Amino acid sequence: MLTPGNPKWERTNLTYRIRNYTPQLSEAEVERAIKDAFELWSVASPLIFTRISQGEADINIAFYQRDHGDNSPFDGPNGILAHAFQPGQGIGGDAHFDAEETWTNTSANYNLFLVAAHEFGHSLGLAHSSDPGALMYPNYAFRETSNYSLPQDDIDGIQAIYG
């Protein structure tokens, strides 16, 4: 459940910045998906997340197409949905999303809130779970989002790292 090397943030109060947006959702919807994704982890740990739109944030969020500077290119529809970097300075903790995906806040692939929540797990130092119902499961599966709360295994995962 934990990323090898046990990379974790030394600070519990982290900032995130939405560098750009997918035009498939309104900016507010994107901001809501991201805000709610972070809250999932914050309510199960001592972690606090604050958004900033200027300056350097701990977790940069951005939608990119194919090659985007970090040598891990996106690949068009499906396949690689997004990826994040383990806790650390610079690009560490950042989360990138494939701009070529259909991004939604519905049951249709892919629900941004869910993918973001999952990616932030990586941003916080969590690895994949074998539990099919866990947010950190390796493959995407829609789950009702209207009242989504961190699944038990994911709560155990973040608690294991940050208490």
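Numbering starts at 1 and runs along the sequence shown. The term rigid core refers to the most C-alpha atoms you can superpose between the two forms while keeping them within 1.5 Å.
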Positional deviation of Cα atoms in 8 other deposited structures of this protein after core superposition, greater for 14-22 or 145-153: 145-153
Selected stretch [higher average CA B-factor]: 154-162 or 2-10: 2-10
23-31 versus 130-138 - greater average Cα B-factor per the deposited record: 130-138
Top residue by Cα temperature factor, when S45, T102, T50, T106 are compared in the entry: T50
Residue with maximal Cα B-factor (values as given in the PDB entry) among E39, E56, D98, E119: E56
